[PDB]
């Protein structure tokens, strides 16, 4: 029915439906600031002051093979998802976020089953960073 919940799920859950474009959008910097499925519906912290991260190139979810999600105690506070490495079906990968500004880190690895379309992304945020996310089929 879906992937595990990566990271943590204690904060507020928002749900984002994957459109026909099959795209996942993120804002990231030293951690993961926001996740969405369009440029307009990202869930996470606001862009204010020096916070919010940068909007990255979208992840093509139909070309996605696996994720490597790093979570830990972020240096500026709290447990969140701080880095995600997306590995595509061609063997290339993109690393968003960082593993260098957090301690007490854990790594969760998950491979999208062949021929299963991700229809929805659940995201847990407390209004600053992304604490967790989940793929749903």
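Residue numbers count along the first chain shown, from 1.
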Going by the entry, of stretches 17 to 25 and 109 to 117 the one with greater average Cα B-factor is 109 to 117
Mean Cα B-factor comparison, 72 to 80 or 86 to 94, giving the higher one as deposited | 86 to 94
Choose from 47, 64, 31, 34 the residue with the greatest Cα B-factor as stated in the PDB record.
-> 47
Which of 43, 54, 57, 102 ranks first by CA B-factor in the deposited coordinates | 43
So, residue 136's CA B-factor, relative to its chain, sits in which third? The middle
Residue 9, C-alpha B-factor rank within chain (lowest, middle or highest third) | highest
